[PDB]
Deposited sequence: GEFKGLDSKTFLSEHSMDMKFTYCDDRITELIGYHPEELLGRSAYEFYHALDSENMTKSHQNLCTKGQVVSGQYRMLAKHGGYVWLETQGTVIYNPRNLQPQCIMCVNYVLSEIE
């Protein structure tokens, strides 16, 4: 069992959705080292079955400024997926700041 801080990590993205910063907490939770995420779009990582819903959620972020994703899957570093939920906030556009909460182990 993990406490809340240990299941939450921050990330920052450019407006093209590429990672520009990620907290090292992601490594224990999903396997990635932050430096290997940089420059890669979030879209590389969404499960196929979430991709259309995430594209809609990105539209919503760009029109409203702030959105909660609802539950979706991230491809983990050695394969399989983790469920996450994210609050995304645009910083004005300059970058998007995400607070990410893990809902599951690697499945």
In deposited-sequence numbering, the unmodelled segments run 1-2, 95-100
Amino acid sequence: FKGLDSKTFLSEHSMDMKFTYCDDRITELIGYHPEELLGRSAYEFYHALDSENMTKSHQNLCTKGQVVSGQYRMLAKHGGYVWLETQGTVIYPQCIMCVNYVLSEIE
From here on, numbers count along this sequence of modelled residues.
Comparing 37-45 with 54-62, which stretch shows the greater average C-alpha B-factor in the deposited entry? 54-62
So where's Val68 on the chain's Cα temperature factor ranking, which third? highest
Please place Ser6 in the lowest, middle or highest third of its chain according to the CA B-factor in the PDB entry. middle
C-alpha B factor of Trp83, ranked within the chain: lowest, middle or highest third? middle
